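Now for the letters of each chain:
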Amino acid sequence: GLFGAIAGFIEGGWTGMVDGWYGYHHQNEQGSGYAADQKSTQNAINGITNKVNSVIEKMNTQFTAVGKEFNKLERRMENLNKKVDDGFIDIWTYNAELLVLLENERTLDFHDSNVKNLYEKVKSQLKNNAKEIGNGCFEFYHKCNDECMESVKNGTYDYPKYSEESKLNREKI
Amino acid sequence: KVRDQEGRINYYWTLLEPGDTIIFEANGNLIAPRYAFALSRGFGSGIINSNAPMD
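Residues numbered from 1 in each chain as written, not as in the entry; some residues may be left out. Chains lettered and ligands numbered in written order. Part of a larger assembly, values for the part shown. Heavy atoms only, no water.

I keep staring at helix α2 (residues 75-126) of chain A and nothing clicks. Help me out?
In an α-helix there are 3.6 residues to a turn, and that puts residues three or four apart on one side. Residues and elements named next belong to chain A. Its 52 residues give α2 an end-to-end C-alpha distance of 77 Å, which sits within 8% of 76 Å, the value for a rise of 1.5 Å per residue. All of the buried residues in α2 are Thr107, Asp109, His111, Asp112, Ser113, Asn114, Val115, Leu118, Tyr119, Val122, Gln125 and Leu126. Packing partners of the buried residues in α2 comprise β1 (23-28), α1 (38-56), β3 (130-132), β4 (138-140) and α3 (146-154). Immediately beyond the C-terminal end of α2, within one or two residues, lies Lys127, with a positive phi of roughly 70°. (Helix = DSSP H or I, 4+ residues; strand = E, 2+ residues; numbered from the N terminus. Expected span 1.5 Å × (residues − 1). Buried < 20%, exposed > 50% of the residue type's maximum accessible area, 1.4 Å probe, protein only. Contact = heavy atoms within 4.5 Å.)

Mind showing me how you'd approach the interface of chain A and chain B here?
Taken together, the contact pairs four residues of chain A with four residues of chain B. A combined buried area of about 280 Å² lies between chain A and chain B, and 49% of that area is made up of carbon and sulfur atoms. Connecting chain A to chain B are zero salt bridges. Between chain A and chain B we count zero residue pairs in polar contact in total. Tallied by class, residues from the side of chain A that touches chain B come to two nonpolar, one polar and one charged. (Buried area = accessible area lost by both parts, 1.4 Å probe. Salt bridge = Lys/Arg side-chain N within 4 Å of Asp/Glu carboxyl O. Polar contact = N/O pair within 3.5 Å; in protein donor to acceptor, adjacent residues only side chain to side chain. Nonpolar A, V, L, I, M, F, W, Y, C, P; charged D, E, K, R; others polar.)

Just to check I follow, could you spell out the packing of aromatic side chains for this structure?
Aromatic ring pairs are defined here through the distance separating the ring centres and the angle between the ring planes. Residues and elements named next belong to chain A. For the structure on display, the rule yields four aromatic pairs over all chains. On the numbers, 6.0 Å between centres and 15° between planes, the contact of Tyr157 with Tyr162 is stacked. Among the residues examined, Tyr157 registers a relative accessible area of 9% and is labelled buried. With a relative accessible area of 17%, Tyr162 lands in the buried category. (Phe/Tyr/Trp six-rings, centres within 6.5 Å; stacked < 30°, edge-to-face > 60°.)

Any chance you could explain the pattern of salt bridges here in plain terms?
Charged atoms that come close allow side chains of opposite charge to pair. Residues and elements named next belong to chain A. One pass over the structure, following the stated rule, counts eight salt bridges over all chains. Two residues, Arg75 and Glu78, come together in a salt bridge whose shortest N-O distance is 2.9 Å. Within this pair, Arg75 and its partner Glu78 are both found in helix α2, separated by three residues, close to a single helical turn. Judged by relative accessible area, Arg75 falls into the partly exposed class, the value being 45%. In this structure, the salt-bridge partner of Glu139 is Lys131, at a minimum N-O distance of 4.0 Å. Residue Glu139 is classed as partly exposed on the basis of its relative accessible area, which comes to 38%. Salt bridges sharing common partners tie together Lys51, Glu103 and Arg106.

Spelled out as C-alpha coordinates, the structure:
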(Lines give C-alpha, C1' and ligand atoms only; values in the text may rest on other atoms or scores of the structure.)
Protein backbone atom coordinates (compact mmCIF):
# COMPACT_ATOMS: atom_id res chain seq x y z
CA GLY A 1 0.00 0.00 0.00
CA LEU A 2 2.25 2.77 -1.28
CA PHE A 3 -0.37 5.51 -1.53
CA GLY A 4 -1.90 4.15 1.67
CA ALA A 5 -5.45 3.45 0.47
CA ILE A 6 -5.42 -0.16 -0.77
CA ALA A 7 -5.12 -2.14 2.47
CA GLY A 8 -4.78 1.27 4.11
CA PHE A 9 -7.50 3.41 5.66
CA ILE A 10 -9.83 1.59 3.25
CA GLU A 11 -9.41 -1.88 4.75
CA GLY A 12 -11.95 -3.72 2.61
CA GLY A 13 -12.55 -4.42 -1.06
CA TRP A 14 -16.27 -4.35 -1.78
CA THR A 15 -17.48 -7.75 -2.97
CA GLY A 16 -20.77 -6.15 -4.04
CA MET A 17 -19.43 -3.67 -6.59
CA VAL A 18 -19.01 -5.65 -9.80
CA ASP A 19 -19.61 -2.92 -12.38
CA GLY A 20 -16.07 -1.61 -11.93
CA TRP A 21 -12.89 -1.42 -9.89
CA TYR A 22 -13.69 1.81 -7.99
CA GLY A 23 -16.95 3.16 -6.67
CA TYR A 24 -19.10 4.52 -3.89
CA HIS A 25 -21.71 3.22 -1.46
CA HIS A 26 -24.26 5.82 -0.36
CA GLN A 27 -26.64 5.60 2.60
CA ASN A 28 -29.43 8.18 2.84
CA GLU A 29 -33.19 8.35 3.33
CA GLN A 30 -34.12 6.97 -0.08
CA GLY A 31 -32.04 3.82 0.41
CA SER A 32 -28.59 2.41 -0.20
CA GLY A 33 -26.63 0.40 -2.75
CA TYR A 34 -23.21 0.30 -4.35
CA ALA A 35 -22.24 2.10 -7.56
CA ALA A 36 -19.02 1.84 -9.56
CA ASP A 37 -17.07 4.69 -11.16
CA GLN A 38 -16.30 4.53 -14.89
CA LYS A 39 -13.94 7.51 -15.28
CA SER A 40 -11.54 5.89 -12.82
CA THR A 41 -12.21 2.28 -13.86
CA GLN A 42 -11.98 2.68 -17.64
CA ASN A 43 -8.76 4.70 -17.48
CA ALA A 44 -7.32 1.71 -15.58
CA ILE A 45 -8.63 -1.20 -17.67
CA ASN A 46 -7.46 0.49 -20.87
CA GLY A 47 -4.04 1.38 -19.49
CA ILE A 48 -3.47 -2.07 -17.98
CA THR A 49 -4.72 -3.97 -21.03
CA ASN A 50 -2.13 -1.92 -22.91
CA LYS A 51 0.48 -2.58 -20.21
CA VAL A 52 -0.19 -6.28 -20.68
CA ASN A 53 -0.18 -5.86 -24.48
CA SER A 54 3.11 -4.01 -24.00
CA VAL A 55 5.28 -6.84 -22.71
CA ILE A 56 3.47 -9.46 -24.82
CA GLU A 57 3.95 -7.76 -28.15
CA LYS A 58 7.55 -6.54 -27.89
CA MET A 59 9.07 -10.04 -28.02
CA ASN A 60 9.80 -10.22 -31.75
CA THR A 61 10.42 -13.86 -32.66
CA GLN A 62 12.07 -14.63 -35.98
CA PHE A 63 11.26 -17.81 -37.90
CA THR A 64 14.19 -19.91 -36.69
CA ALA A 65 14.96 -23.20 -34.95
CA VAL A 66 17.15 -24.69 -32.21
CA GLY A 67 17.55 -28.43 -32.74
CA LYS A 68 21.08 -29.06 -34.01
CA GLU A 69 22.76 -32.46 -34.11
CA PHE A 70 26.55 -32.61 -33.94
CA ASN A 71 28.85 -35.48 -34.71
CA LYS A 72 30.48 -37.09 -31.69
CA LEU A 73 33.75 -35.45 -32.81
CA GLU A 74 32.48 -31.85 -32.61
CA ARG A 75 31.64 -32.15 -28.91
CA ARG A 76 33.41 -28.85 -28.19
CA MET A 77 30.99 -27.29 -30.67
CA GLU A 78 28.18 -29.52 -29.41
CA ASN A 79 29.07 -28.09 -25.99
CA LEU A 80 29.19 -24.64 -27.60
CA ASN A 81 25.72 -25.27 -29.05
CA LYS A 82 24.22 -25.78 -25.59
CA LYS A 83 25.97 -22.73 -24.13
CA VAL A 84 24.23 -20.55 -26.72
CA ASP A 85 20.86 -21.99 -25.71
CA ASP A 86 21.41 -22.04 -21.95
CA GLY A 87 22.66 -18.45 -21.96
CA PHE A 88 19.37 -17.28 -23.48
CA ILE A 89 17.37 -19.58 -21.22
CA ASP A 90 19.47 -17.96 -18.50
CA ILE A 91 18.69 -14.39 -19.58
CA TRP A 92 15.12 -14.55 -20.92
CA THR A 93 14.16 -16.35 -17.72
CA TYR A 94 15.80 -14.00 -15.23
CA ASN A 95 14.74 -10.79 -17.00
CA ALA A 96 11.15 -12.01 -17.38
CA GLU A 97 10.49 -13.12 -13.81
CA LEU A 98 12.04 -9.94 -12.41
CA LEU A 99 9.85 -7.93 -14.80
CA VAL A 100 6.75 -9.75 -13.56
CA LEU A 101 7.18 -8.76 -9.90
CA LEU A 102 8.07 -5.22 -11.02
CA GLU A 103 4.98 -4.66 -13.14
CA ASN A 104 3.16 -6.44 -10.39
CA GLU A 105 4.14 -4.02 -7.64
CA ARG A 106 3.94 -1.32 -10.28
CA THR A 107 0.36 -2.52 -10.90
CA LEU A 108 -0.51 -2.57 -7.17
CA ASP A 109 0.96 0.90 -6.62
CA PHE A 110 -1.31 2.12 -9.44
CA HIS A 111 -4.70 0.98 -8.10
CA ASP A 112 -3.65 2.31 -4.70
CA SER A 113 -3.10 5.67 -6.40
CA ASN A 114 -6.48 5.88 -8.13
CA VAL A 115 -8.33 4.94 -4.95
CA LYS A 116 -6.33 7.64 -3.17
CA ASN A 117 -6.76 9.80 -6.28
CA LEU A 118 -10.53 9.41 -5.98
CA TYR A 119 -10.60 10.20 -2.27
CA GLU A 120 -8.91 13.61 -2.58
CA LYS A 121 -11.54 14.67 -5.14
CA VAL A 122 -14.59 13.82 -3.04
CA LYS A 123 -12.83 15.18 0.05
CA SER A 124 -11.84 18.34 -1.85
CA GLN A 125 -15.45 18.75 -3.05
CA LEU A 126 -17.30 19.02 0.28
CA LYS A 127 -14.35 20.29 2.39
CA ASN A 128 -16.45 20.92 5.48
CA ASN A 129 -19.97 19.73 4.60
CA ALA A 130 -19.02 16.24 5.85
CA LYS A 131 -16.70 14.96 8.56
CA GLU A 132 -14.39 12.18 7.39
CA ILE A 133 -14.96 8.88 9.19
CA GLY A 134 -11.45 7.63 8.36
CA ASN A 135 -12.33 4.11 7.19
CA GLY A 136 -12.88 5.50 3.67
CA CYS A 137 -16.26 7.21 4.01
CA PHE A 138 -17.97 10.52 4.76
CA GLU A 139 -20.86 11.61 6.98
CA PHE A 140 -22.74 14.48 5.33
CA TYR A 141 -23.70 17.27 7.72
CA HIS A 142 -26.88 17.78 5.67
CA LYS A 143 -29.71 15.87 4.03
CA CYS A 144 -28.50 14.70 0.61
CA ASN A 145 -31.03 13.09 -1.73
CA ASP A 146 -30.09 10.81 -4.62
CA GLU A 147 -29.94 13.89 -6.86
CA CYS A 148 -27.37 15.39 -4.48
CA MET A 149 -25.51 12.08 -4.15
CA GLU A 150 -25.26 11.66 -7.92
CA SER A 151 -23.50 15.03 -8.22
CA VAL A 152 -20.80 13.94 -5.76
CA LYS A 153 -19.99 10.93 -7.96
CA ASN A 154 -20.20 12.83 -11.26
CA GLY A 155 -18.01 15.78 -10.29
CA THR A 156 -20.45 18.70 -10.31
CA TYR A 157 -21.27 18.74 -6.59
CA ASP A 158 -22.86 21.97 -5.39
CA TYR A 159 -20.99 23.54 -2.46
CA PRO A 160 -22.92 26.86 -2.17
CA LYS A 161 -26.38 25.22 -2.13
CA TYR A 162 -25.73 22.79 0.74
CA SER A 163 -23.32 25.13 2.58
CA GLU A 164 -25.84 27.13 4.61
CA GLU A 165 -27.31 23.92 6.05
CA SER A 166 -23.80 22.60 6.75
CA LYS A 167 -22.82 25.31 9.24
CA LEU A 168 -26.03 24.87 11.24
CA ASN A 169 -25.36 21.16 11.81
CA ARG A 170 -21.58 21.55 12.12
CA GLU A 171 -22.39 24.12 14.81
CA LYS A 172 -24.46 21.39 16.47
CA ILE A 173 -21.31 19.24 16.56
CA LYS B 1 30.55 -58.15 -38.98
CA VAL B 2 28.14 -55.20 -39.01
CA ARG B 3 24.73 -56.40 -40.23
CA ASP B 4 26.14 -59.67 -41.59
CA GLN B 5 28.75 -57.80 -43.65
CA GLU B 6 32.53 -57.41 -43.50
CA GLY B 7 32.41 -54.87 -46.34
CA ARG B 8 31.98 -51.11 -46.33
CA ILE B 9 30.28 -48.73 -48.74
CA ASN B 10 31.46 -45.23 -47.87
CA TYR B 11 28.90 -42.83 -49.35
CA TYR B 12 29.46 -39.31 -50.64
CA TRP B 13 27.26 -36.45 -51.83
CA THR B 14 28.01 -33.21 -53.64
CA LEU B 15 25.94 -30.28 -54.86
CA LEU B 16 26.37 -29.23 -58.50
CA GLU B 17 25.68 -25.56 -59.23
CA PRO B 18 24.04 -24.44 -62.50
CA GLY B 19 26.59 -23.83 -65.20
CA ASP B 20 28.83 -26.46 -63.59
CA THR B 21 29.52 -29.95 -64.97
CA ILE B 22 30.36 -32.86 -62.68
CA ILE B 23 32.43 -35.77 -64.02
CA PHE B 24 32.47 -39.30 -62.65
CA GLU B 25 35.49 -41.42 -63.54
CA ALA B 26 36.19 -44.89 -62.18
CA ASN B 27 37.53 -48.35 -62.98
CA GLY B 28 35.75 -50.21 -60.18
CA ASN B 29 34.13 -49.97 -56.74
CA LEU B 30 31.90 -47.07 -57.84
CA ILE B 31 28.32 -47.12 -56.52
CA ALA B 32 26.80 -45.22 -59.42
CA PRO B 33 24.25 -42.44 -58.83
CA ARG B 34 20.91 -43.31 -60.42
CA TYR B 35 18.48 -40.79 -58.88
CA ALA B 36 19.56 -37.19 -58.34
CA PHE B 37 17.44 -34.31 -57.07
CA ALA B 38 16.99 -30.64 -57.98
CA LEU B 39 16.11 -28.48 -54.99
CA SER B 40 15.55 -24.90 -53.84
CA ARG B 41 17.08 -23.83 -50.55
CA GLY B 42 15.05 -23.31 -47.42
CA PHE B 43 17.40 -21.55 -45.05
CA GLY B 44 16.71 -21.57 -41.33
CA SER B 45 15.24 -24.88 -40.21
CA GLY B 46 16.22 -28.19 -38.66
CA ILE B 47 14.97 -31.67 -37.75
CA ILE B 48 12.79 -32.56 -34.74
CA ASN B 49 12.95 -36.08 -33.37
CA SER B 50 9.41 -37.02 -32.43
CA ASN B 51 6.97 -39.92 -32.15
CA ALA B 52 4.05 -37.48 -32.18
CA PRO B 53 1.13 -38.04 -34.57
CA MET B 54 0.41 -35.86 -37.59
CA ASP B 55 -2.63 -33.62 -37.93
